[PDB]
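Chains as they are written, first to last, in the authors' numbering: chain A, 2702 to 2802, 2820 to 3081, 3088 to 3328; chain I, 4 to 146. We treat Cβ as the ideally placed atom computed from N, Cα and C, and that holds for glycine.
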Ligand SMILES: [Ca+2]
Ligand SMILES: [Ca+2]
Ligand SMILES: [Ca+2]
């Protein structure tokens, strides 16, 4: 269906008439040359039957109508170019040929000089329009005949090069004669303003508003499913919407956040100095989306049809893609409340887990919360601490009130680890990596309170004696989290652990919580002690010495040596994931002749 | 009578042989698979053996016919038995947990060249249990 271009509203101007007459003369010249080469020469009378042609006469002597069939295509092409919004500006040659003012003509060839690329696209498009006008007239001709579809009715782009040849050649030669005259025509519009600082134009920003209000719609859908959960029939018209959510949005979030993790993590910080700057508001709303997704997945696992693992992976990758320092330096109250209520939700969740795993041994909500605790929660908290400690943004993320929230969560988690059962044996592995991440996350040395006072960046000292009482602070940094030992205490624990040589089946919780704990603990206080921060003397978070380092290495290696005699198991293969930071930690000087015995034993 | 996930596993098994995606296994399409397994068939042998399974007689067995031949045999426990059969033979270590080191070593048999380190990135995805060394339970998670 060809759509017309309207040319009635526009009309031809009069200063253009000079070039119009000039190009009419040029067309007469080319046509005269064509007929001379064809053999048509001047005739006494205009007779078609006598097979002669008088019209080699000059354009001064050509009649008015013959000028009209030159002016007609010319002025319609001009009307379809001015109707496009292509302005025409002032040039020099009008004034130049103003101060000018058996014959063989000669026509300038359009072939030599070449057009620019922008006006080449312009010419190709306007030749597309001229082909469309040809399609118009050919189409009315085809309803007139009634049949015989012309194969050229296909669109301009569908046409081949030979089919495009005539219309294109018209484009080049007319605009080329315009430029040889000198008249320069261009786009009529220059852009008025660019809203580049607006984050709204960012595709990620738009996709994210989309994601949050679909997440809110899904939350309302879950509220509907909850209001129908008191009834017996949960089959609702919202089944299609919830399965669309589950099999589209969550996979789409998953793929998007794995493909653009480098964008999300760093606002062009380490990579890609040119671009990839994730907006601060974008990071804010990404954290909001993560928080509301965590709220949605909570207490509602049983409704999901085994895609809860996919949701867990989505929440996991969102955790690796979270940012915290940007939120703290510039954060919106909704995100602040979401994070505070998420820590609180973890609080009562852990509390009710200790309550139910003990009380309700013998007796659905209880089953879904138990499954959540066993699988869908501990890797979640581990990944949270993992990105916190990886990016060190936790320094200001968990600065106020979240030190005490995280350290009481540490008390609950440590009590859960010290408690043992079959489900706890099944999850011995998770506590190791989780507490590793939390120890690499916590900014102050939550083990040793001794030098945390000397560290300025601490909950109690930074918030001082009045916000001390305002927050959930009992005025004692170490006592607010009682069960957790100190560095000193864990040191004697390790030394008599080495001197004892306990079996895994006896104290599984010890090596499956504390060893990765310290293995990822140690990294931050490298840079926060005289360890890798020789400067900032006596102001460091903690102070450690190479002698103590070598002693603890000797204890761990000797328990591993005793532990080679029980196959050494894949459970230290589990601990090996966070021992990889330890084997990057270890200096190459040790990698010369201090540890070669143990990797030789591994080669055994 | 056929259990719902079995047909779903029969879905994918049907597509494992239906490369073209139309749901029809032509003799040539089936034939290329049997050369890939080493056996060298005659065209008559393939077209003879394809007739017995074809109840319709169209010359190409569709999935409803494919189910009938699948129902002909006792795959009562052969599915997970083969899964364990592979886990036993892929367990070159014999520790009960299959290391990632020989994961590259058996996938090379088909001709793949994926890097040594990246697979243990993928085995870590398989090791949601975090074992660092894949067992049958991880294989069950895989399949
Ligand atoms: Ca058939
Ligand atoms: Ca193995
Ligand atoms: Ca494993």
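Taking all protein chains in view, the Cβ of residue 3157/A is crowded by 16 or more other Cβ atoms within 10 Å, so the residue is classified as buried. Taking the Cα positions, residue 2961/A is about 21 Å away from residue 3095/A. For residue 3250/A, the uninterrupted alpha helix (DSSP H) segment begins and ends at 3239-3252. Within chain I, the C-beta atoms nearer than 8 Å to that of residue 3153/A come from 132, 133 and 134, in chain order. Residues of chain I with a Cβ closer than 8 Å to the Cβ of residue 3301/A are, in chain order, 127, 133 and 135. Here residue 2901/A has 2720, 2789 and 2792 as same chain residues with Cβ atoms under 7 Å from its own Cβ, once five neighbours each way along the sequence are excluded. Contact note: residue 3157/A reaches chain I through 133, using a C-beta cutoff of 7 Å and chain order. Taken atom to atom, the span from the alpha-carbon of residue 96/I to that of residue 3008/A is near 41 Å. Within the same chain, Cβ atoms closer than 7 Å to the Cβ of residue 2952/A are found at 2943 and 2946, the five residues on either side in sequence being excluded.
Residue side-chain check: residue 95/I places its Cβ nearer than 7 Å to a non-hydrogen atom of ligand 2.
With respect to the C-alpha of residue 2914/A, the residue from 2868/A, 2879/A, 2978/A and 2997/A having the closest C-alpha is 2997/A.
Taken in chain order, the unbroken stretches of alpha helix (DSSP H) that lie wholly in the region 2938-3026 of chain A and span 4 residues or more are 2957-2962, 2968-2977, 2979-2983 and 2998-3015. Contact residues of ligand 1 (beta-carbon closer than 7 Å to any heavy atom; chain order) are 57/I, 58/I, 59/I, 60/I, 61/I, 63/I, 64/I, 65/I and 68/I. Interface annotation, residue 2976/A: not in contact with chain I, CB-CB separation never under 8 Å.
For residue 3143/A, the distance from the CB to the nearest heavy atom of ligand 2 is not below 7 Å.
For residue 3152/A, the closest C-alpha among the options 3119/A, 3098/A and 3273/A is that of 3098/A.
Within the model, the alpha-carbon separation for residue 74/I versus residue 5/I is close to 8 Å.
Not a single C-beta of chain I is nearer than 8 Å to the C-beta of residue 3328/A.
Short of 8 Å from the beta carbon of residue 2930/A, and not among the five residues preceding or following it, lie these beta carbons of its own chain, in chain order: 3003, 3006, 3007 and 3010.
Secondary structure of residue 101/I (DSSP, three-state): strand. Linking residue 3227/A to residue 120/I through their CA atoms gives a straight-line distance of about 32 Å. Put simply, of 3027/A, 3032/A and 3001/A the residue whose alpha carbon is nearest the alpha carbon of residue 2970/A is 3032/A.
Within the model, the alpha-carbon separation for residue 139/I versus residue 3148/A is close to 21 Å. For residue 3185/A, the uninterrupted alpha helix (DSSP H) segment begins and ends at 3183-3194. The DSSP-derived three-state label of residue 28/I is strand. Chain I has a Cβ within less than 8 Å of the Cβ of residue 3298/A.
As a beta-bridge residue in DSSP terms, residue 2903/A pairs with 2789/A. Assignment of residue 137/I by DSSP, reduced to helix, strand and coil, places it in the strand class.
Taking one beta carbon from each stretch, the region 3128-3139 of chain A and the region 3162-3171 of chain A have 3 or more pairs nearer than 8 Å; the two touch. If you check each beta-carbon in the region 3278-3294 of chain A against every beta-carbon of chain I, the ones closer than 8 Å belong to 3291 and 3294. For residue 100/I, the nearest CB of chain A lies under 8 Å from its own CB, placing it at the interface with that chain. In summary, residue 3261/A is exposed, with fewer than 16 beta-carbon neighbours lying within 10 Å of its beta-carbon over all protein chains present.
Counting only residues of its own chain and dropping the five nearest sequence neighbours on each side, residue 2891/A has a CB closer than 7 Å to the CB of 2828. Buried is the label assigned to residue 3253/A, since at least 16 other Cβ atoms lie within 10 Å of its Cβ. Fully contained in the region 3268-3293 of chain A are the following alpha helix (DSSP H) runs of length 4 or more, in chain order: 3270-3287.
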